[PDB]
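Since the structure comes first, as structure tokens, the remarks are kept for the end.
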Amino acid sequence: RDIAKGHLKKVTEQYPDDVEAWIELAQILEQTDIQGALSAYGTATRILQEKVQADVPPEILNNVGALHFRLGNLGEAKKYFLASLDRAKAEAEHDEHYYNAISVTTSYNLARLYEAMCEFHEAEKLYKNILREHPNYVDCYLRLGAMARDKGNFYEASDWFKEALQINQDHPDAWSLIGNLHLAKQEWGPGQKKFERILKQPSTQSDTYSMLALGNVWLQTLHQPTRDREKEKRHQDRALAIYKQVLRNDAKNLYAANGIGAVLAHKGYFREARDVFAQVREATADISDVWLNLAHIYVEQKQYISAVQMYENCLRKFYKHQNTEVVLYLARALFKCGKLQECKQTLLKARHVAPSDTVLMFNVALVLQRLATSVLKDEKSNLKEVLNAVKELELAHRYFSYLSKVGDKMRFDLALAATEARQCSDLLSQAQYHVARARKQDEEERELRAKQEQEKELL
Amino acid sequence: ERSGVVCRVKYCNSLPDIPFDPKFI
Amino acid sequence: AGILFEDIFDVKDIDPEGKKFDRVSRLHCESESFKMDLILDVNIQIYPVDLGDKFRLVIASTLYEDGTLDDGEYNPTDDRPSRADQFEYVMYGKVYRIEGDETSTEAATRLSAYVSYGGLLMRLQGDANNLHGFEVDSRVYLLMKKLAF
Amino acid sequence: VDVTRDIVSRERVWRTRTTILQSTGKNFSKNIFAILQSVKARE
Amino acid sequence: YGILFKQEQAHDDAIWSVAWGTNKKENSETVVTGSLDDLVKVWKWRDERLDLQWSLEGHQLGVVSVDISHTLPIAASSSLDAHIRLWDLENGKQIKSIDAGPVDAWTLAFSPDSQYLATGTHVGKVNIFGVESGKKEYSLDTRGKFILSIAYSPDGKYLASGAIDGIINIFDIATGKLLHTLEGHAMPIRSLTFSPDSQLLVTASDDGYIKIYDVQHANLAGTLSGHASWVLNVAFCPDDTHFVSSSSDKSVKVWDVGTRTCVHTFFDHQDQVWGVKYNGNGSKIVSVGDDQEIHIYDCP
């Protein structure tokens with residue numbers, strides 16, 4: 001490709017009646033910067049009009065719209081695809097170049113665009129118009145199940161994805177979609193190894209996608225209290241061998257190092273985890289995974305003032321507003337006045353979307369007590385706050401009773417509510433004591449204002 | 001107070017989905 | 001340690017006011033993780049940058065990893081392992097102004113740390129907490145390096 | 001049918017699954033396996 | 001089709017709902033909202049301008065739901081503090097405080113007769129409290145996971161409920177019995193409302209499709225592709241010609257209820273909008289959200 005670029009730079013300057021020189025320019029620049037292929041198609045579109053009145057073939061309009069599909073010019077790529085359809089339909093005598101396949105690819109990108117333009121009805125209808133004329137096509141049959149997978153992972157998505165595999169079992173795309181179905185419900189933790197080892201035969205080897213999906217389903221088995229039983233240590237060493245193998249054959253794969261940092265953090269090296277993750281961070285930081293893995297170290301080292309932003313930055317994506325798993329990571333070691341009262345606000349933002357979780361209802365209580373012991377022990381503080389503190393404490397104690405009745409827990413029984421409930425049963429007596437302080441302070445400010453008002457009467 | 005906030009730290013690792021680039025004929 | 005600040009940045013403009021000097025240009029940048037604004041003069045002659053370039057900028061107090069707080073004089077002849085060995089552009093200077101959104105009552109939320117690398121000015125600007133490492137008339141190093149991504 | 005070989009023979013796949021895994025740049029494992037091996041000798 | 005009034009910094013914290021009147025009983029000109037900073041501001045849309053009229057306090061936790069009674073100029077507000085406090089827009093005072101303990105307190109549902117108040121329970125049932133009583137009168141025995149939305153019809157003939165798994169429970173407020181159960185979704189239904197004629201029922205799930213079902217025979221009338229994020233709030237125009245849709249993408253699309261087409265979209269909100277509601281005539285469309293900015297959208 002280097003020789004084609006250096007040859008194209010020689011025909012670009014000089015003008016020996018260049019007609020197809022700009023086509024071969026953009027045909028290399030689709031992998032490199034996506035603006036360069038666009039600049040070549042703009043001039044290649046107009047250079048085909050000076051020799052004769054000849055319409056642009058659909059093959060150039062289809063590809064120029066394909067570049068704009070990945071960009072934010074979705075409406076303009078839509079006009080390119082509509083015009084590519086109208087032009088390829090006009091090719092009634094181009095039976096050798098198969099105008100029909102050109103309209104097929106243009107309509108495929110057009111339904112791919114409509115799926116992305118908040119319009120799945122038109123994408124479904126366009127993708128079914130390819131199914132009705134050529135059921136031996138795979139991407140149009142795979143992209144239909146994805147649209148229904150938004151409404152749920154048990155509709156015609158889980159059925160269309162397996163029907164595509166029986167017609168083409170040597171399709172790594174269609175078979176990798178199968179393991180993605182079992183990722184909704186992780187009850188197939190150990191049992192997914194079989195179905196992930198189907199296309200691990202040497203004719204498909206090497207496949208980095210499957211080998212790393214193995215390491216992911218193997219890492220999910222960590223975070224268990226059975227590490228002293230010489231069970232999770234073998235799991236760390238097994239996944240580390242998987243990652244070392246896909247490292248020796250691919251040094252530039254990021255995901256290999258991704259899991260390596262996860263295991264090294266599970267070994268207790270937070271100080272030496274930053275280094276491993278650095279290489280990953282530098283390449284592309286714009287992966288959902290990194291904003292989290294990185295964020296754990298900062299919160300680990302009592303650095304919330306770099307941790308709180310990274311959580312926010314993940315949430316900048318157009319997918320949600322109030323996730324549970326983020327905010328769980330958010331409150332770790334929070335003790336600060338801006339880290340406690342404000343932490344309540346984010347916890348409430350999380351419970352607003354789904355209160356059925358036990359841990360939000362538990363944490364909201366823990367924080368509440370934190371704040372209350374910080375006004376009702378050493379304080380000797382504002383008057384109004386004392387009134388408010390007992391209100392909070394009542395709410396907390398109501399929750400301690402309500403929690404206890406709940407069957408399922410966070411994979412850890414909540415039987416330990418006794419010391420927190422003891423720690424509000426005594427703090428009610430602290431509220432009954434410190435409200436006397438309130439009154440003492442009350443009379444103090446009243447006598448202060450009067451002994452000041454008399455000085456003003458002297459003047 | 002007594003102890004820190006409960007949280008299940010787990011260094012997760014995800015995989016991306018199929019790109020489905022538009023076919024450049 | 002002694003790492004007063006770090007983030008990745010990108011070049012948003014090379015000299016948008018228009019190139020005022022031949023060997024030096026006003027990089028304008030924003031940071032990737034802390035969302036800091038930055039203005040930074042660099043030796044565009046010995047270290048060229050374009051728009052859309054990414055670089056890891058590590059503002060440091062010292063050069064030596066152990067944080068042994070060197071004196072402030074030039075000595076080339078030195079065995080001790082430095083931070084400069086993993087960077088491309090390294091400069092030395094004074095923070096000559098710190099400025100912020102202080103009110104009469106409450107504290108600041110944002111700081112501008114201004115530093116002069118012997119004449120080559122820099123304003124790093126954003127969250128006060130991420131800038132708590134800086135104090136006026138302290139000495140400082142730049143330690144930037146271009147990301148090939 | 002011929003509609004399959006009519007499209008799979010002219011199209012261009014610039015990105016696929018494995019493309020997503022490697023960096024766009026040049027990040028070898030000399031700076032990765034070095035620390036990976038250094039962590040094992042201290043243990 | 002644009003924006004008339006632009007209320008900058010309408011709260012200290014994010015707004016989670018918005019309530020506006022539709023009758024002439026001193027409700028259509030006043031705007032009642034409930035945000036997370038525990039300020040139930042009573043905005044009086046007087047002189048074509050959004051003015052504050054009352055500032056009510058007392059909620060422990062942020063307001064989750066605000067709505068105006070149809071045949072009455074009073075209002076109420078629920079939250080997660082298990083303390084549903086009734087209010088009055090005639091004096092800015094508190095009527096009562098229904099202690100819906102321990103936690104079982106969700107969005108409100110004024111009856112059109114302004115005599116009952118529905119509130120979700122964590123057990124799966126739909127508790128129907130009484131406006132002037134405060135006690136639990138009668139509760140629907142349809143258990144499950146949790147009620148995420150409850151709505152009353154403008155003439156009072158049906159009642160639906162959004163579960164956590166996309167289960168519409170069409171109740172009968174005239175006898176108190178479950179009649180249909182529409183399960184065309186598997187996404188947690190955020191909110192819903194009834195058509196001005198009680199014929200169509202929109203459902204705002206977390207799949208970005210506006211599946212408008214029917215109530216008379218419990219059937220789907222057509223799948224409308226909504227936004228790409230999750231439709232949070234959804235209201236119908238009083239004259240029954242259009243309907244607005246609040247998503248979680250900073251996007252205020254106004255879809256057509258007859259042709260199922262977006263007739264206009266607003267992008268003035270820097271954050272996600274959380275509440276949308278019409279006016280008495282359907283021209284001014286009020287909108288709130290995390291931007292804490294109350295925009296008044298005119299579509300003559």
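When we count neighbours, we look across all protein chains shown, and the Cβ atoms used for this are built from the backbone with ideal geometry, even at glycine. Bear in mind that the values in this text are calculations on the coordinates, not laboratory data.
Might you report the magnitude of the Cβ-based charge dipole of the protein assembly as shown about its Cα centre, with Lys and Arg at +1 and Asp and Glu at -1, to the nearest 20 debye?
Charge dipole of the protein assembly as shown: 2800 debye, to the nearest 20.
Mind running the shape call on the stretch A:1-153? Use the C-alpha gyration tensor, a ≥ b ≥ c as the square roots of the eigenvalues: rounded below 1.5 for a/c, prolate if a/b tops b/c, oblate otherwise.
Since a/c reaches 1.5 and a/b is larger than b/c, the shape of the stretch A:1-153 is classed as prolate.
Have a look at E:279, E:252, E:289 and report the one farthest towards the positive end of the charge dipole of chain E, computed about the Cα centre with Cβ charges (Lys/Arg +1, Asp/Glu -1).
The residue sitting farthest along the positive end of the dipole is E:279.
Before rounding to the nearest 500, sum -39500 (n - 2.57) across all DSSP H runs of length at least 4 in the protein assembly as shown and divide by the residue total; then give [θ] at 222 nm in deg cm²/dmol.
Dividing the helical sum by the residues of the protein assembly as shown leaves -10500 deg cm²/dmol.
So how strong a dipole does the stretch C:5-148 carry about its Cα centre when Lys and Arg Cβ are +1 and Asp and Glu Cβ are -1, to the nearest 20 debye?
Around 400 debye, computed over the stretch C:5-148.
According to the square roots a ≥ b ≥ c of the eigenvalues of the Cα gyration tensor, what is the shape class of the protein assembly as shown, taking rounded for a/c under 1.5, prolate for a/b larger than b/c otherwise, and oblate for the remainder?
Oblate, since a/c reaches 1.5 and b/c is not below a/b.
Three principal axis extents, largest first, for the C-alpha atoms of chain E, in Å?
Extents along the principal axes: 45, 44, 31 Å.
Could you pull out the pairs from A:317/D:30; A:194/D:30; A:409/E:136; A:336/A:405; A:193/A:231 whose alpha carbons sit more than 23 Å apart here?
Pairs exceeding 23 Å: A:317/D:30; A:194/D:30; A:409/E:136; A:336/A:405.
Give the shape of the stretch E:84-133 as rounded, prolate or oblate, defined through the alpha-carbon gyration tensor: a ≥ b ≥ c are the square roots of its eigenvalues, a/c under 1.5 means rounded, and otherwise the shape is prolate if a/b is larger than b/c and oblate if not.
Judged from the Cα gyration tensor, the stretch E:84-133 comes out oblate (a/c at least 1.5, b/c at or above a/b).
Residue separation times 0.36 nm, minus the C-alpha to C-alpha distance between residue D:42 and residue D:15: what's the value?
5.6 nm
Below 8 Å between Cα atoms, with a sequence gap of 6+, how large is the relative contact order for chain E in percent?
15 percent
What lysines sit close enough to residue A:456 to cross-link, taking a C-alpha to C-alpha distance under 30 Å and skipping anything fewer than 8 places away on the same chain?
Output for residue A:456: A:380, A:384, A:440.
Which of the trypsin sites (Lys or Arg not before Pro) found in the stretch A:171-277 are loop residues per DSSP with 12 or fewer other Cβ atoms within 10 Å of their Cβ?
Hits after loop and neighbour filter: A:185, A:197, A:231, A:271.
I need the trypsin sites (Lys or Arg not before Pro) found in the stretch E:21-105, filtered to DSSP loop residues with at most 12 other beta carbons within 10 Å of theirs.
E:24
Using the Cα centre as the reference, give the magnitude of the dipole from point charges on the C-beta atoms of chain E (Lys, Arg: +1; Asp, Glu: -1; all else neutral), rounded to the nearest 20 debye.
The dipole of chain E has a size of about 560 debye.
What residue among A:74, A:44, A:63 has its Cα farthest toward the positive end of the dipole of the stretch A:30-83, where the charges are +1 on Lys, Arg and -1 on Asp, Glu, each on the Cβ?
A:74
To the nearest 0.05, how large is the calculated FRET efficiency for residue C:78 and residue A:312 if R₀ is 30 Å and r is the Cβ-Cβ distance?
0.10
Projected onto the charge dipole of chain A (+1 at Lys/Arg Cβ, -1 at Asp/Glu Cβ, origin at the Cα centre), which of A:305, A:110, A:164 gives the Cα projection farthest towards the positive end?
A:305
In nm, to one decimal, how far is the modelled label at residue A:433 from the one at residue E:165, with both set 7 Å along Cα→Cβ?
Between residue A:433 and residue E:165, the simple spin-label model gives 5.0 nm.
For the stretch E:157-171, just list the computed ³J(HN,Hα) in residue order, Karplus coefficients 6.51, -1.76 and 1.60, θ = phi - 60°, integers in Hz, with x standing in for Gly and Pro.
Result, rounded to whole Hz: 10, 9, 7, 10, 8, x, 8, 8, 10, x, 10, 6, 10, 7, 8.
Please turn the phi angles of the stretch A:298-309 into ³J(HN,Hα) values with the Karplus equation 6.51 cos²θ - 1.76 cosθ + 1.60 (θ = phi - 60°), one per residue in order, whole Hz, x for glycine and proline.
5, 5, 6, 8, 6, 10, 5, 6, 10, 7, 5, 6
In whole Å, what is the distance between the alpha-carbon centres of the stretch C:114-139 and the stretch E:90-106?
53 Å
Normalised by the number of residues in chain A, what is the relative contact order in percent for Cα pairs under 8 Å and 6+ residues apart?
Taking the mean separation of contacting Cα pairs over the length of chain A, I get 5 percent.
List the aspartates and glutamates whose Cα sits under 13 Å from the Cα of residue A:125, skipping any in the same chain fewer than 8 residues away.
Result set, ordered by chain and number: A:115, A:133.
With an 8 Å Cα cut-off and a minimum separation of 6 or more residues, compute the relative contact order for chain C in percent.
About 28 percent, as a whole number.
Over what distance in Å are the Cα centres of the stretch A:379-417 and the stretch E:1-74 separated?
If we compute the Cα centre of each part, the gap is 31 Å.
Taking amide H positions as placed in the peptide plane 1.01 Å from N, state which residues far from residue C:97 in sequence (5 or more) or on other chains have amide H under 5 Å from it.
Amide H neighbours of residue C:97: C:114.
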